[PDB]
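Next up: a single chain in structure tokens, the form deposited in one PDB entry.
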């Protein structure tokens, strides 16, 4: 069901949380090579999370599950913020700008954290 599909999406999001915090440890240790690889992994995970989220929202719409559609619109809006800041983070890494990278790393955390009470609400609506 859409619910199992959201569980699969939730797991992929958690995988990105795991890799992100392991990437944040590398960065603070100055292990740039590991960071470069982790950032490639994270993008691949976020891109796959986005795809499971879009399919879930489209399916909620085809089902007419108005509340789930509302919440998923709100979720996908927060999700595009993460994308924007994530792409700037990667750009700061490319540029060698550690000050901007640190800042973007903190932003994503508050973007991910804030967007979590919604994520649990979607589970319960689908």
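Residue numbers count along the first chain shown, from 1.
From this point on, the text means the form solved in complex with a small molecule, which you will not see here.
**Student:** Can you check whether residue 93 is within 4.5 Å of the small molecule in the entry with it bound, heavy atom basis?
**Tutor:** No, residue 93 sits far enough from the small molecule in the entry with it bound that none of its heavy atoms falls within 4.5 Å.
**Student:** Any chance residue 49 has a heavy atom within 4.5 Å of the small molecule in the entry with it bound?
**Tutor:** Contact with the small molecule, yes.
**Student:** Spell out, yes or no, whether the shortest heavy atom distance between residue 25 and the small molecule in the entry with it bound is within 4.5 Å.
**Tutor:** Contact check for residue 25: no, nothing within 4.5 Å of the small molecule in the entry with it bound.
**Student:** Can you work out whether residue 53 and the small molecule are in contact in the entry with it bound, taking contact to mean some heavy atom pair no more than 4.5 Å apart?
**Tutor:** Close contact exists here: in the entry with it bound, residue 53 approaches the small molecule to within 4.5 Å, heavy atoms only.
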